[PDB]
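What the coordinates show
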Amino acid sequence: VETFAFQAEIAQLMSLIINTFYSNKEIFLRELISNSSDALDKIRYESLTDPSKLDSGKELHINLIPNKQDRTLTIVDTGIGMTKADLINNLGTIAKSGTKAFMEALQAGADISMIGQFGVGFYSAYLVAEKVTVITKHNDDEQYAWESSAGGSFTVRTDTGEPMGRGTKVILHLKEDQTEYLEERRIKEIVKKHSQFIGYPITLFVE
Ligand SMILES: Nc1nc2c3ccccc3nc(Cc3ccc4c(c3)OCO4)n2n1
């Protein structure tokens, strides 16, 4: 288990997301589904020139899995997945620019719902989650668990849980007052409103 500090701008973004009063929290789901769809586009594209990239699983899809016992909502995709270097360095590097632009736009009169336009939509998870665990597997790399409760740090470890083939699972440990996102009716409402034209099947598991 290695512990890392977020780069300063991402820590700042996460605190803004956690601290700002903003009632329209439901947009976290559209952002994470859009991230999954982007990951799925990438593996689909890559497989056109290299068919063996789909040996780790041919099906391209998204599952949404609520668990009231654990108070988690899990978004699973079989997209391209993330490497160790993604988790520790690259994602944070790419996001440094988008954070700055987003934070400047918010001063200009934009709102938190537009986070996705700046390539940092993942961090909207913290509108609803006290902790986020990300399990991910890229071809030719090992499976990793990334985890953060914000507070300026995150951890990465080699994951020895259930092997997943290829892709990413984002596990949102929901805040005590956000359990509405475990309800079938609520998730269905949100997917229909914001994520109706995603080009991959989205399966909403029932409890
Ligand atoms: N599902 C998924 N798949 C990816 C993905 C796949 C390949 C390359 C980059 C990627 N970035 C993100 C969005 C993201 C951003 C920061 C993160 C994160 C996911 O997980 C931990 O920190 N995601 N999210």
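The following paragraphs examine the structure supplied in this document. (Residues numbered from 1 in each chain as written, not as in the entry; some residues may be left out. Heavy atoms only, no water.)

Considerations on the nonpolar core
Ranked by size, the top nonpolar core spans 53 residues in total, and within it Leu29, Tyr123, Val132, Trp146 and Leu172 carry the most contacts. Examining the composition of this core, we find that 8 residues originate from one element, helix α2 (residues 27-49), more than from any other. With sequence-adjacent residues up to four places away left out, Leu172 is seen in contact with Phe28, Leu32, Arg71, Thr72, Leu73, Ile75, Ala125, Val128, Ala129, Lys131 and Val132. (Core = buried A, V, L, I, M, F, W, Y, C linked by side-chain atoms within 4.5 Å. Buried < 20%, exposed > 50% of the residue type's maximum accessible area, 1.4 Å probe, protein only. Helix = DSSP H or I, 4+ residues; strand = E, 2+ residues; numbered from the N terminus. Contact = heavy atoms within 4.5 Å.)

Quick look at the packing of aromatic side chains
All told, the structure shown has 8 aromatic pairs when counted by the stated rule. Pairing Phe4 with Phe154 gives two aromatic rings, centres 5.4 Å apart and planes at 20°, and the pair type is stacked. With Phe4 in strand β1 (residues 2-5) and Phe154 in strand β6 (residues 153-158), this pair connects stretches of sequence that are 150 residues apart. Look at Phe122 and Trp146: their rings are 5.5 Å apart centre to centre, the planes differ by 80°, and that puts the pair in the edge-to-face class. With a gap of 24 residues between them, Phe122 in the loop between α3 (84-107) and β4 (129-137) and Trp146 in strand β5 (residues 143-148) connect regions that are remote in the sequence. Taken individually, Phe122 and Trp146 each receive the classification buried, so the pair is uniform in this respect. Grouped by ring-pair contacts, the aromatic residues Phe4, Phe6, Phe122, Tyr123, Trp146 and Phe154 constitute a single cluster. (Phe/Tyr/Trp six-rings, centres within 6.5 Å; stacked < 30°, edge-to-face > 60°.)

Some details on the pattern of salt bridges
Pairing between side chains of opposite charge can happen when their charged atoms approach one another. All chains considered together, the criterion is met by 13 salt bridges. A salt bridge links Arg44 to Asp41; the nearest nitrogen and oxygen atoms lie 3.3 Å apart. In this pair, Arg44 and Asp41 both sit in helix α2, 3 residues apart, roughly one turn of the helix. Judged by relative accessible area, which is 39%, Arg44 ranks as partly exposed. Its relative accessible area of 31% is what places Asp41 among the partly exposed residues. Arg186 serves as the salt-bridge partner of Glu189, at 2.8 Å between the closest nitrogen and oxygen. Here the residue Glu189 and the residue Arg186 both occupy positions in helix α4 (residues 184-194), the gap between them amounting to 3 residues, near one helical turn. Taking relative accessible area as the criterion, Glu189 reaches 46% and is therefore assigned partly exposed. With a relative accessible area of 17%, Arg186 lands in the buried category. In the salt-bridge network here, residues are joined through shared partners; they are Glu26, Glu180, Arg186, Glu189 and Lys193. (Salt bridge = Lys/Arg side-chain N within 4 Å of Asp/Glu carboxyl O.)

Focus: the site of the ligand
Surrounding the ligand, one finds 13 residues, the nearest of these being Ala39, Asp77, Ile80, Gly81 and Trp146. One nitrogen or oxygen atom from the side chain of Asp77 is found 2.8 Å from a nitrogen atom belonging to the ligand. When the ligand sits alone it has 490 Å² of accessible area, and the protein chains cover 87% of it. A per-element tally of the shell around the ligand places α2 first, with 3 residues. Here the residues of the shell around the ligand sort into 8 nonpolar, 4 polar and 1 charged. (Near = heavy atom within 4 Å. Polar contact = N/O pair within 3.5 Å; in protein donor to acceptor, adjacent residues only side chain to side chain. Areas by Shrake-Rupley, 256 points an atom, 1.4 Å probe, with all protein chains shown as cover. Nonpolar A, V, L, I, M, F, W, Y, C, P; charged D, E, K, R; others polar.)

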